[PDB]
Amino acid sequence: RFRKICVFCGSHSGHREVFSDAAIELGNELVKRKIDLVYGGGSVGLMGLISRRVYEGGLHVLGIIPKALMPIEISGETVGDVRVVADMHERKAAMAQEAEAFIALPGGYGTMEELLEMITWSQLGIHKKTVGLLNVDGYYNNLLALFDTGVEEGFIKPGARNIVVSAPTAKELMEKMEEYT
């Protein structure tokens, strides 16, 4: 049972509506389960969608954003709390300290980087926190295929392949991570 989850996503929504739908459904899963959100502070793209949902649903949202990234990711009007940090490393360390587990929605390089980093910290024993991915309409199939390649070629151990929990919908992913060990 979680109280704080960090969700990685970016300031784009995707061309197809299935992505926003996922972000909203994940926001609603966190609301129903009374889970607070930790995220990157943006107010557009999937970041704005999920944080507004959670915030408007009554749960706490904490964004964590570096100073120089604010004019880029925050437009319009924020909701919930925003912690401002010095740089990208402080952002990653603060998001990790604040969360009990991690979920990547679809996103570009930033989101993939954050997710890979959390998987790495689990693999190294740095923390024991669950890492999931919401594999919206196969967006992450190539990522999981890559992990499979890594296992097959001898760069990732079979047991470490199992750190990543994934599912095609927010509902199924939440069930899976409530039950992961």
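All residue numbers refer to positions in the sequence shown, first residue = 1.
Relative to one another, 142-150 and 121-129 have unequal mean CA B-factors, and 121-129 is the one with the higher figure.
Checked against the record, the higher mean CA B factor of 111-119 and 62-70 lies with 62-70. In the PDB entry, a CA B factor belonging to the lowest third of its chain's modelled residues is recorded for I24. Annotation for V7: CA B-factor lies in the lowest third of the chain's modelled residues. Ranked against the other modelled residues of its chain, the C-alpha B-factor of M95 as given in the entry falls in the middle third.
Among the modelled residues of its chain, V79 has a C-alpha B-factor that falls in the highest third, as given in the PDB entry. When all modelled residues of the chain are sorted by CA temperature factor, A167 is found within the lowest third.
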